[PDB]
Every structure is written in structure tokens, then in C-alpha cells.
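In the first instance, please consider these chains from the complex; the rest will follow:
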Amino acid sequence: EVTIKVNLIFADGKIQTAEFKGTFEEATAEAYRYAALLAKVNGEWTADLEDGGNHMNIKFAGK
């Protein structure tokens, strides 16, 4: 049981933050699925890990 803290960075620069809980694997997986959900409107994305992997930045290209 961990908590992955995510920065959802959109094309316009605005930022939303989220947290996913569970095993490091599932919580990370949830973050990626959430990104795909948001991609349908925010565009393609890239993700980068930090904080020993606990922190994550997801940047959407927009369009």
C-alpha cells in the first residue's frame, strides 16, 4: 500500500493533481489508465517518474 502523487500538466500549462493508492504496480497502472482517459480530450502524453518512483508528472500535448 503506497500513494503515487501525480501532476497532471496540460497543454495550456494548467495543473491538476491526483493521488492513486494501492500496490506500487496497480497504483502506477491506475495513473496510466487515468492518463489514457484524459488523453481522449487532452492529447498524447508523456510520463516521468520521481521520488523513488512515488511522484509522477504526466504532460499532455493537447490538440
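Here it is on my side, so go on. Residues are numbered from 1 along each chain as shown, chains lettered A, B, ... in the order given.

Give me the three-state assignment for residue A:56.
Using DSSP: H, G, I helix; E, B strand; the rest coil, the structure places residue A:56 in strand.

I figured it was touching residue A:3, is that so?
No: here residue A:56 lies out of contact with residue A:3, judged by C-beta atoms under 8 Å, at a distance of 11.2 Å. The C-beta positions use only the backbone N, C-alpha and C, and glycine is treated the same way.

who's more crowded, these two?
Taking neighbours as other C-beta atoms under 10 Å, residue A:56 and residue A:3 compare with residue A:56 leading, 22 against 11.

Is the closest residue to that one other than its chain neighbours bridged to anything, and to what?
Closest residue to residue A:56 apart from its sequence neighbours, by C-beta to C-beta, 6 or more residues apart in numbering: residue A:6 at 4.7 Å. Going by DSSP bridges, residue A:6 is paired in beta bridges with residue A:18, residue A:56.

what sits against residue A:8?
Contacts for residue A:8 were tallied using C-beta atoms under 8 Å, 6 or more residues apart in numbering; they are A:15-18, A:35, A:38, A:58, A:60.

follow-up on the earlier one: count the neighbours of the residue nearest to residue A:56 for me.
Neighbours of residue A:6 (other C-beta under 10 Å): 22.

Would you mind listing which of the contacts of residue A:8 are buried?
Among the contacts of residue A:8, the ones that count as buried by 16 or more other C-beta atoms under 10 Å are A:18, A:35, A:38, A:58, A:60.

Let's add chain B too:
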Amino acid sequence: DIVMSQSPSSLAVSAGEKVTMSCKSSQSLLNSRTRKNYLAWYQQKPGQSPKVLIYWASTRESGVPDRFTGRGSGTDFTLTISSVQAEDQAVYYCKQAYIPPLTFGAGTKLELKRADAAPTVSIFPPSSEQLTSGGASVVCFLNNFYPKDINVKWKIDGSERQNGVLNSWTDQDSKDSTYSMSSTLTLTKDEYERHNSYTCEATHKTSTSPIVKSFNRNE
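So that you can see how it sits with the rest, here is chain B on the chains above:
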């Protein structure tokens, strides 16, 4: 038993922005017969009972703001708030009623992001009524600040004090979306009187230097 998985666990968003919450069921919730997905969304604010927003996966209850929209079918569902407001600060739960037992998701906590705000700090010496009882409680309020992260530090005659301190934090204010905190330093009437300077220092990102509030017993 149908397991309901909600994500994210919590979301922080600025006013007026779009919010998306997801809920997934371990198995289809679509009632092939009535052709309706038995999935509902409930909103619960601090201290209150839950309140339905959406049912049949996408039907909004009368009176619920049209900024709330439910979508999905089968095992994947989403609840969307088109332009979030302070009154949307709460925990959201999806619930399936396709096959007993009815089961809820763990919920998604929704919080607002706003402009930083320094805390308003007020210190209060023990009340004569309490001292007349043999106890001394020094209270300090750090009100309406943002972000929620803040640290408090007491000092009796210029020296840090840590034992006898109780802190409490409120949920995000439903009006200005700020946070508040209370810190009580309890000492014996004897301890209290053997000292004169009492200080409450608040450290918040809004200032490089802590906001200090104090009083002198001799005054």
C-alpha cells in the same frame, strides 16, 4: 461479489476546470433485460449523509446541477464535473446494484486549488476561569490559509515547547476553499505562571519568515 474500483483516490482542481473521476466494476453492470447499467454516483460532504447525483449510469437526478454528467456502460464508468466550484468539495462514490450485495467504490476525494493565502494568526492566553481550576491552555488559530501545508511552533520565554500540544485541522472551507488549523498548548497553572513570554509561530509558504504572535504574562 462485484468489486468496485475508483480512481483517482483524490483530485485537486482549480475552480471552473473540468474534473473526471472513474469507476470500474469487476464485471458488467448492464442489465441486458432493462438494458440499463445499475450504477449510481453519490456525493458526500463532511458530516452529511450521501446524496445521489447520477443513477442508471447516466441519468441525472432532478435538482442536480447540469455540470455533473455520468457516462459509461458494462464495467467502465466516469463522472464528470464540467466547471468545478467550491460547493463540489466532497467525496464521490459509485455504487453498483446489479447483483447483491450492493457494493460501493472506495471513493474519490475532490478538493479545490486556489491562490495562496497567508494564515491569519491569533493567540489567546489561558482564561481566568480555567486558571481558577488549576489548568492553563494557550490557544492559537491559523485561519484561512492555502495551501493546506503549514507548521506551528510554540515558545515559552524564547525556547521551543513541544510537549502538551494538540493540533486540529478543518476540512477545506466550502466558501473560500482555504484551510484552518488550531493549536492548543496545555500546561499546569504552576508551569504557566513560572513564565512570561508565550509565542505562536506559523510557517507557511506564503512568507519566507514565520508569522509570529505572542503575549507577555506581565502585561
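
Go back to the neighbour count of residue A:6, now with chain B?
24 (other C-beta atoms under 10 Å in any protein chain shown).

OK, contacts around it?
Shown in contact with residue A:6 (C-beta atoms under 8 Å, 6 or more residues apart in numbering or on different chains): A:17-20, A:31, A:34, A:55-58, B:8.

bridging residues for residue B:39?
For residue B:39, the beta-bridge partners under DSSP bridges are residue B:96.

check whether stretch A:43-56 contacts chain B.
No: Stretch A:43-56 stays clear of chain B (C-beta under 8 Å from any C-beta of the partner chain), getting no nearer than 11.5 Å.

and for that stretch, what are the contacting residues?
Contacts of stretch A:43-56 (C-beta under 8 Å, 6+ apart): A:2-7, A:11, A:24, A:28, A:31-32, A:35, A:38-39, A:57-63.

Check which element follows the one helix or strand residue B:121 maps to along the chain.
Using DSSP states H and E, residue B:121 maps to strand B:120-124. Next helix or strand after strand B:120-124 toward the C-terminus (DSSP H and E): helix B:128-131.

Contacts for the strand holding residue B:121, please.
Contacts of strand B:120-124 (C-beta under 8 Å, 6+ apart): B:138-145, B:198-200, B:202, B:211-215.

which among the contacts of stretch A:43-56 end up buried?
Among the contacts of stretch A:43-56, those classed as buried by 16 or more other C-beta atoms under 10 Å in any protein chain shown are A:4-6, A:28, A:31, A:35, A:38, A:58-60.

include chain C too:
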Amino acid sequence: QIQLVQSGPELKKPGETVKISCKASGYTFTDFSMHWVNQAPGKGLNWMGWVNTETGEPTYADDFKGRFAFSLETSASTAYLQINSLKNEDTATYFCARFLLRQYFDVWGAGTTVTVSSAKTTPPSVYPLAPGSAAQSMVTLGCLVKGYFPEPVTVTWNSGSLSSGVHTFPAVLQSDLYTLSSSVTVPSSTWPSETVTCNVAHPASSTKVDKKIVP
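So that you can see how it sits with the rest, here is chain C on the chains above:
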């Protein structure tokens, strides 16, 4: 005013039994099934099961077999939840709710909190918190409520007429006693010209104290 009224908070020692009520008002009781949902402190919702308000037949979720019973008093349009052999983990808020054909709860009771503890019921001490200075702006006043058991205590200012700019903090437990504080910020003009007093109520001890904040 269609509603479900639930009985007040309960304080019980482990091993005891408790029976809470849910009185229907404003609708045909037997037209809808009544469900029970509970919630542990700071946790999510858990479905306990339901009862047929027509026949009285109960249906329990697995995590609630054995010590939980759903009953009815049809003549009084009231549903009951009785918990036997109370355990610490039973400490939670229990809600009753009306279930509709479209598979969702449209009416909820306010909830009945059950506290399982051995701690002794204690009245709270209410201390006023007046500012040390008198500058002139916004003025912050407060009220300290400490040494009481069990939850809860209600705090209002000027009998509820003063609600804006109020911050009543969640109580903190220490050695079987709770300590709570409430602050209120008002214009320097209003106070101390106009009276300002907190109203603290602790039903568990039939305590109802009013405290005027004097400079």
C-alpha cells in the same frame, strides 16, 4: 417533508447491545424497501443489507451476519437495527435509506453514530477566548471546549445567527477525553458593541452552556 428520522448517538461498552430506530415520515412505508449502510470513522460506505418493509424479511451482507438484526414496527412505519455483542470495530455511523425501483437511494436518514468504549461520560469545560489587545479591521474570538466524553458537542455563535467566518475544529482525543475549539471572526465595529457568545451543547451529559466573550 419526506424523511427518515434516526435515533440519537449511542455510547455502549463492548459486549452490550444497542437498537437504533429509523422512522419514516411523509410516504407509504411499505412501498419501498429499507436499506442499512454503515460508515466507520473516516472510512467509506459499506452496504449492510436490507429489509422488506412489507413482510419484514431481512437480507444481510456477509460482513454483517450473526450480530445484526433488521426488524420492523409496521404500525409505526419504523425500521430498527439491533447490534448484539458490541465490539470496538462496530464504532461507526449507521444510515438507513430508502431504495427505489431505479436502483438507487433517494432518501437517507441523517445517521446514528454508535461509539463502543468503556470510557466514562464527562461534561466539557467551556472557556472563552478574548483577544489580548484591542486594535481597530477584523476581530477573531474563540471558545475552548475541553475534557469531555463522548462525541459529539455542537457549537454555535449567537444561537446560530452568527455562522459566517466560523471555524469549529474537529475534537482531538487524549486519555479518554476530547478537546475542541471554535473561532469566529467579525468586524471590529460589531464587537464588543454587539454581544457575541458561543453555545456549547454536549447531549451525552445534558450540558448546554452559553459563554459570552467579554473584552
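
Check the neighbour count of residue A:6 one more time with chain C there.
When neighbours are defined as other C-beta under 10 Å, residue A:6 has 24 of them.

What of residue B:128?
Residue B:128 sits with 10 neighbouring residues when counted by other C-beta under 10 Å.

Could you export the strand holding residue B:121 as CSV, CA atoms only?
Output in CSV follows, covering the C-alpha atoms of strand B:120-124 (Å, rounded to 0.1, in the frame of the first residue of the first chain):
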residue,chain,number,x,y,z
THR,B,120,-4.5,34.9,9.9
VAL,B,121,-2.9,34.1,13.3
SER,B,122,-4.5,34.8,16.7
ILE,B,123,-3.1,33.8,20.1
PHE,B,124,-5.0,33.6,23.3
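
Can you list the strands that that strand pairs with?
strand B:135-145 (antiparallel).

gap between the helix or strand following the strand it pairs with and the chain center?
Note on strand B:135-145: by DSSP H and E, the next helix or strand toward the C-terminus is strand B:151-156. Centroid displacement of strand B:151-156 relative to its chain, using C-alpha atoms, centre = their mean, to the nearest Å, is 24 Å.

what does stretch B:139-159 give?
18 Å.

swap in stretch B:89-108?
Distance, centroid of stretch B:89-108 to centroid of chain: 20 Å (C-alpha atoms, centre = their mean).

What residues of it count as buried?
B:89-98, B:101-108.

and residue B:167, what element?
strand B:165-169.
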